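# Following this: a sequence and the matching experimental structure.
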Amino acid sequence: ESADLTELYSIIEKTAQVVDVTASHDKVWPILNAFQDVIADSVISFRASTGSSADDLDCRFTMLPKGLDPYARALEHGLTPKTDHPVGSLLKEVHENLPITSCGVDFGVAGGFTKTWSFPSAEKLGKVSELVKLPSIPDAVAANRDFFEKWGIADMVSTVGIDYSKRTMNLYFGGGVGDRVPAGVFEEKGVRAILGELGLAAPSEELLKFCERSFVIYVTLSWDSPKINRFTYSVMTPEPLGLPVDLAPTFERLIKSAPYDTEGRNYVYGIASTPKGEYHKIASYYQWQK
Ligand SMILES: [Cl-]
């Protein structure tokens, strides 16, 4: 299992360099040791971003087993500090009260431990009605409950992400064989309506074309704002070079020159909309479980 960590660190360091980031051994090695017992059966992917997030590469371990509290593991190994902020208690509340069946963690290769993900199974999704009852939920979830209901997505929460570094939370909708995000969310009229009501940048032509292939969305919320922070459309494809977008040079390099084989595998691509603009994300899959 320690040969696996040496191998993985090498891949982490090399993949970082491909997107102009340098990995921190001092930050990354403790995380590998902390999660050594769940890494072999995990799904490992690397996510690059444009915009401000371009200064780090995210490494994600997902499909982690029930029984691991990934935040508790990070705390125990000194990867992240104890906090009294509600962000620190939300994962346990989510895991008890949504039908969570697996989980994940995210770290910046430079920045260190940053996020957890909590995943229901596709056939039994989470609900905003469950989330609003949790003591540690952002107030902004209930205050925006009608956004989720009007777009028909309230009862199809497919992942809960928690960012401990920025004190934000992502709610994901759609994906896999589960209940589907309504078509209207992805049509031009809906894209314009959603971004308009949330005060986010009007959709670009390339975003509108991208949305035609999207079946997953996610909403970012915080404890310190009553407004949804951003809204992201996601697309899954084994042919990212065929997406109706212009790809950043770093993204092209990640696709063409990652130090591992993406054996006909799916990539996951996102276009986030904020009040100021659009930012892109691409995830490349190093280790996958079939
Ligand atoms: Cl529909």
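Nice, I can see it. Numbering: from 1, shown residues only.

# drop to CA atoms for contacts and neighbour counts, all remaining ones
Noted.

# Can you name the residues of this structure sitting close to the ion?
182, 183 (Cα under 5 Å from the ion).

# Give the full set of residues in contact with the residue in the chain that the ion sits nearest to.
The nearest approach of the chain to the ion comes at residue 182, 3.5 Å away (Cα to the ion). Counting by Cα atoms under 8 Å, 6 or more residues apart in numbering, residue 182 touches 151, 152, 153.

# between these, which is nearest residue 115?
residue 153 (23.4 Å; Cα to Cα).

# Look up how far residue 289 lies from the residue nearest to the closest one when sequence neighbours are not counted.
In space, and not counting its chain neighbours, residue 153 is closest to residue 181: 6.2 Å by Cα to Cα, 6 or more residues apart in numbering. Per Cα to Cα, to the nearest Å, residue 181 is found 25 Å from residue 289.

# Tell me which of the two has more neighbours.
Between residue 181 and residue 289, counted using other Cα atoms under 10 Å, residue 181 has the larger neighbour count: 20 against 9.

# For that one, what are phi and psi?
Main-chain torsions, residue 181, degrees, to the nearest 10: phi -60, psi 130.

# ok, now which ones touch the spatially most central residue of the chain?
The centroid of the chain falls nearest to residue 161 when counting by Cα atoms, centre = their mean (6.5 Å). Neighbour list for residue 161: 115, 116, 117, 118, 169, 170, 171, 172 [criterion: Cα under 8 Å, 6+ apart].

# Following element in sequence after the helix or strand where the first one lies, please.
Per DSSP states H and E, residue 115 falls inside strand 112-120. With elements assigned by DSSP H and E, the helix or strand that comes after strand 112-120 is helix 128-131.

# Quick one: residues in contact with that next one.
94, 97, 98, 137, 141, 145, 148, 154, 155, 157.

# What segments of the chain are strands?
43-49, 58-65, 100-108, 112-120, 157-163, 168-173, 216-222, 230-237, 267-273, 278-287 (DSSP state E).

# Check which helices and strands the shortest one is in contact with.
To tie it back to what came earlier, the one meant is strand 168-173. Using 3 or more Cα pairs under 8 Å, 6 or more residues apart in numbering; DSSP states H and E, the elements in contact with strand 168-173 are strand 157-163, strand 216-222.

# quick one: that strand to strand 230-237, angle?
Relative orientation of strand 168-173 and strand 230-237, computed by axes from the mean of the first three to the mean of the last three Cα atoms, to 10 degrees: 50 degrees.

# Name the residues that touch strand 168-173?
With Cα under 8 Å, 6+ apart, strand 168-173 has contacts from 87, 153, 156-163, 181, 216-223.

# go on, the fourth one?
Contact partners of strand 112-120, identified using Cα under 8 Å, 6+ apart, comprise 27-28, 31, 62, 70-71, 74, 79-80, 91, 94-95, 98-108, 126, 158-165.

# got the angle for it vs strand 58-65?
Using the same axes, to 10 degrees, strand 112-120 lies at 40 degrees relative to strand 58-65.

# angle of strand 112-120 against strand 100-108?
If you take the same axes, to 10 degrees, strand 112-120 sits at 160 degrees to strand 100-108.

# Check the first one too.
Comparing the axes of strand 43-49 and strand 100-108 via the same axes, to 10 degrees yields an angle of 50 degrees.

# about what we covered before: ok, and the closest non-adjacent residue to the residue nearest to the centre of the chain?
Leaving out its chain neighbours, the residue that sits closest to residue 161 by Cα to Cα, 6+ apart is residue 117, at 4.4 Å.
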